[PDB]
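Chain lettering (A, B, C, D, E, F and G) follows the sequence in which the chains are written, and residue indices restart at 1 in each chain.
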Amino acid sequence: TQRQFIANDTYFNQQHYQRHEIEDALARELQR
Amino acid sequence: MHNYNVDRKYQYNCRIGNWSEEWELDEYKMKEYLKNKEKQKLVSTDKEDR
Amino acid sequence: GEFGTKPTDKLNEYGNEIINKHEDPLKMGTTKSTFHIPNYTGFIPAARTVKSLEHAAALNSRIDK
Amino acid sequence: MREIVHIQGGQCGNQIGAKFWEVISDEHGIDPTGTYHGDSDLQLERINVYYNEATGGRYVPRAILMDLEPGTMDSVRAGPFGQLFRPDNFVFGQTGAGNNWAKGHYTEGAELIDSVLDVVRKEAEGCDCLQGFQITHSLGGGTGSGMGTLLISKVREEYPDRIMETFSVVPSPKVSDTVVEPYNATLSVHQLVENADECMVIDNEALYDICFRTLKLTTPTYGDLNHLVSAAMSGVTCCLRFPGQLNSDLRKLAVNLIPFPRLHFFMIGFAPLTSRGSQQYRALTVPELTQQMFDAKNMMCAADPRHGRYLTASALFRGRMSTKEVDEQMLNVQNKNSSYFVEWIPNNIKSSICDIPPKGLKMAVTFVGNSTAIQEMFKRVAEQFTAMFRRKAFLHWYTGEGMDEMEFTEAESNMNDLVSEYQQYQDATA
Amino acid sequence: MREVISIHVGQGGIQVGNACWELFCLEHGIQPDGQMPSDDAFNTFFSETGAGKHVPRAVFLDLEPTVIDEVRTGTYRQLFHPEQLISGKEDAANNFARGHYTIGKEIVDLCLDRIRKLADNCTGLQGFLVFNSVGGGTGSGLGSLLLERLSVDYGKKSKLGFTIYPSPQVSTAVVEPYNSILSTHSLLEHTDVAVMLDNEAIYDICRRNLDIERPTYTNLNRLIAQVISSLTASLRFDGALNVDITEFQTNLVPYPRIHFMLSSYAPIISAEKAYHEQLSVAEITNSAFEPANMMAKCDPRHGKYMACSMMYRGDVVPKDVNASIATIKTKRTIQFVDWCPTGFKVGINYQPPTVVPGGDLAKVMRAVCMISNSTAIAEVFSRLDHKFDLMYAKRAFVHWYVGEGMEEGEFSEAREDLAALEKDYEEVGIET
Amino acid sequence: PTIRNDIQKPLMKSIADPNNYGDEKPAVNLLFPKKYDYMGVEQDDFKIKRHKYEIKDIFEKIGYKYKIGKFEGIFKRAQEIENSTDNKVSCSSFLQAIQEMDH
Amino acid sequence: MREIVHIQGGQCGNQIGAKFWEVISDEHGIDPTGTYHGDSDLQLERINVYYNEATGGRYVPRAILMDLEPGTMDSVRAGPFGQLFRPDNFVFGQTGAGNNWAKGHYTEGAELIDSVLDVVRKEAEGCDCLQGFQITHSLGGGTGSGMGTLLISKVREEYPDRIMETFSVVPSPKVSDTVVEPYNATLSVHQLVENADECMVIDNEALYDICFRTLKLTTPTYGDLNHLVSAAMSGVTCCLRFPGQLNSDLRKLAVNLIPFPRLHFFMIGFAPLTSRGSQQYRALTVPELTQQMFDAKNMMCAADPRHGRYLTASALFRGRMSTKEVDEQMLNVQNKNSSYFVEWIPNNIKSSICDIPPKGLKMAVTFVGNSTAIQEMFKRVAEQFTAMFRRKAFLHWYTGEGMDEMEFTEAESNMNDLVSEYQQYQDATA
């Protein structure tokens, strides 16, 4: 599963959280 | 009054029971494996150097 | 807060907080979402899109008549 | 805050409302897709008065388009600025009224009004603080005057404390298009006087006249006529949407220009109006603005103001100017035309100033007034009604829908009674 | 897993059976020799031989060899089982007593043995389909005998009879009112469902819709086969609202004695005037209720309706049926009985009807077939009763029957049963 | 046919048209709209491959800026992820390419 | 912990269950192959409630499928998500109930139900903590109306303290496809009221009306109605499967909704519902959600909610919002519709917040309510039943399998007094 998230003290859920804000920003730019 | 050893069990991702203790061991398993990177005593290093 | 994050991580070197006004869904459409002083009764836009934001923010005081 | 909802009914009402939203949207810098594109800060402060915010950043008017025939809405949607309207608000019938008041008020509009009443209630409760209503309709048409006046009564009994205005295009004998206009015109005004807080009359004949002697364009059409009405409509609430030296909301207008509860029919007029070729020559100044607005030719209806006595008048000034030059010029005409102002209500002029002029113009004045000259407009309709009623012509159509001659007799008596009490104030002396 | 067995007896039953099996082969693509060139929908009518051909699940029974020998020498010789074609030597010759007491006794033993050899092969047997023309010797004689024997040998299995009753005013034989009533007594208490399929109605259908001024029997038989395929279509084809054979008598029979029903079909159009109408679901269902379109010469406007089981095959949408059915209830010329508030049992299938090459019918996306139970069917029993009383009052044509081993008094019980049946229809129709 | 997919359909709806043209959306999609159906932007836009000169402008408009040389590298590895003959790369694929990078 | 098992019977129930598993698997991100391909950890945190996993890590639903015929099972196994179900759970007969309650409950269902009861015992003993049962069935069809209620009786007999859910679609007089519907409906409700803890009532005509009015799609199909029902189902247990500000399990819902033991018939609905052409014009706000929730046409049942007074109401909010705003909206609607709410109980609306919205939506609300308006359903069904029973029509099939008219008379009595004591509280006053 490539459990890289426990090497450094970061929560596992960060991988897609920051994905969507970038993907949300792209959609808003396309809308305008 | 949550009880352990409830017949068959799921993985540690689910919160059915005894997940925290299982997760703590698994987390510490690689931290020891992390220590195996800190001190150059990995068997993988021996064979890769080989 | 989530695992691995201190409560004071979201601060700068000066100690002041970092504010993203339009990020919070609750405060959007309220005075704190913009730079207006409280009790300002003008209409604040609800949805957020990348020209109304500049006009609604009112970072600088309005020009005198 | 204090926003108002718009309802347009009938063919004429939809046509009037089609250009009204075009005028307002361009004023606020809103493209026909609802995306704000204004250039000044003030164009966004009071957007909510007429527009509702939606997710995605676009804006939609709070207007309800209602009719009994779907043809008119099929055309307005495909036209420019037709995408702003919410597809839910489109409510329509299935058979049409055929310019029959009883069909459009008793038999078919009765069951259809449930849907239109639900949607207007939804809009009314949505706003934080309701202010009033504005209606565009035709009194010479079946569905326009039938379903139109029915909605006047239903809304009024539910919100007895809010104000409510109507823009009624009364029939004119000179420009006649239908043979049964006197019947339904008399019936509609009978309900309208009891319920509507404000009503503003319109004649197509005057619109033709103004275009010829002031605008002197050779080929007018309905688009140009609707533009003149739409410009007058935006003038009344312009000071509501923008800051001014002396703000004057719709309730401000109601108290000053209504001496008695049943005298709420007004005369409207817009200034300045200039032909294309003479735009450069004329000097746009307050003396010119006051002279043109008081011209009887500038009046928007066939009524002749100099045949009567002005009760009260109001002027809304748009643009930047010294407030004084409005003041003494109102007195200037008031003392020079002392025979044309009622003596027992001295100083009967309302003046309001808004700092935002219309786009493309530096100064503009919208004039609405209450005068005794409207008797002739009601007198001539009653003359046609009783002439065609004594022989009971075209009566079997209305009597076939549960309406009896008692209702017809009462309505004409009320209109006759209204004229009689309205003109005794003209002869009144202190 | 679901199977039905088809029994053909008499010339009328056989000459419509071969038309039906022509239609069934086209639906499943089975070649006339029995092989299939290139899922198991056919299992309800056919059985795999192990390697190659599929054989029909039907047995042909007759006392005269003329029709059977036509099949054996025809191009369908290789399809049917050689020993499933039972034939006799002497005809019944329009005599009911010959087929029920003299010659039919020696053949019924052979047929039951074969039917036993066919039921054990099947595992999920649903019921029986028996075809016979009432107004005939072997059709009424053997048909009565097979029904009596099957009802005790098998018991609870539902039996469906597709009978062809004599026409009201036109006929082929002269003594058929005699042996029509005699078989009527037998089928009343031994068949679950009976269907009225006289010839006068089918003649009118061809004249008006298909514009066939001089039709032959084959045109009549092809139209009958289409109805049978539609009734079975829900068994062998996936559909939105499937209907089983056992889900007929639970929804079509109000009382055990009242199980006579008449059918209708729509659309029935040629392939050149089909361009000029859209065949919408709203109008095909209206043509189904046209009194002239009933498969039996009876006018439904003379009586109430009890129940209606009407099925759509094609690409009909369920919402469309409810819209069409709601209009029917609002109509006043069609009235139902007071003690049956809802009377529509509707099924929807995804299998559009097929058309035989060179046939009169045209291929369309939609078709509706109806089985309806109504009080108006009391007229047909009366009109045959009137004809029988006219002849029996002077004992015409009786010496042919008494001399074949049947009692003279048997005509009394046969006549008195029809009068009892009439008393039931008039009793149930009155309001409460 | 029950749904008219062979009538060429009208460009403007007649507000009272009672027939189907094959473009009706099943309720499965209506109950759960495909993410961005409320913004007027439908996601069969990221899949259209785009050249670098406009992808860069899109991404500086978003707020992500990279020096030249770095940008050509991320564009070329996004193209490698796409594995398409044309040099233009899908915007979404370039997004996952950045997601792989930045470390 | 606190898992529930799902068992379905009949064609309609099988379709409802198939689409419910559709929705649930999509929500939890499970590949039809049974492999978890999700993205977030919350997807797997509470998967034990509806799923078990076998060797290899693949997950399987704990669902049991029952029927008397294999036609629907072979169709549902050949579609999408048809391989999640564990193959042994396919238990079915070979003949069919033939739309007969007697055949599906006395002759064939009784002899076959041993195996399905054995497998449900196996699943219940295997699960860590049985929280309750949920069943999908139709009151009209043969196999459903009989076997569902018999299995309810057996399950209640072996498990007294567990919770029973029955999402039951009752027959309707407008859209009727079977002639013997009232008999089966009455015989089912007689046993259902005695045993089932909670009963969900759904009408086919209500779904058609919703599809034609709100979503405005021209061609509804059975798939769309199944999808709506499945969304409503998932809305109930979203709060149990995901965290929230105010957690609410099934037990809490029953206590806060059932005042007296026999009054356990609830109507449900879902929000928001918008058309494709008007989805971008709407604004997703709590007041709009509450208005659409209390909209009468939104209820998925033919009962007229404003024909009676609500006893208790409950709303489950999906998505992330503020607690105070919803609290105030509930108070406001309570004060605004006091006439439609019973007066001898204060604060009769239950509110909960679940922070995980449905996929593709930012906000959603599931509504369940207990009101006297449901009596109309039983009255219309009873009218047909007594009309058919007075003439003893279609009765010898029921009496041919050990039943008698005494049982029918007792069933009628248990339905009638239920309606009487249900409507008594409508006019009972403090």
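Side notes on the structure shown:
Here, a contact is a pair of C-beta atoms (placed from the backbone, for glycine too) under 8 Å apart; a residue touches a chain by one contact, two chains touch by 3 or more.
Contacts with chain B and chain G are shared by A. Looking at which two chains touch through the most C-beta pairs, you get E-G. Overall, the chain located most centrally, as judged by its C-alpha mean against the mean of all protein C-alpha atoms, is G. Work out the mean CA point of chain A and of chain C, and you get 23 Å between them.
The geometric centre of chain E is 60 Å away from that of chain F, both derived from CA atoms. The distance from the centre of chain B to the centre of chain E, each centre being the mean of the chain's C-alpha atoms, comes to 75 Å. Separating the CA-averaged centres of chain F and chain G is a span of 39 Å. Residue positions 53-58 of chain D are each in touch with at least two other chains. Counting partner chains per residue, chain A shows two or more touched chains at residues 13, 25, 28-29, 31.
Counting partners per residue, chain B has no residue that reaches two or more other chains. Residues of chain G touching chain E in their complex: 69-71, 75, 94-96, 98-100, 173-181, 208, 219-222, 383-384, 387-388, 390-391, 393-394, 396-397. Interface of chain D with chain F (complex): residues 55-56, 70, 73-74, 77-78, 90, 92.
Against chain D, the residues of chain C that register as touching in their complex are 41-43, 45-49, 51-52, 55-56, 58, 62, 65. Contact residues on chain F toward chain E in their complex (touch as defined above): 1-2. Per the touch definition, chain B reaches chain A in the complex via residues 27, 30-31, 34.
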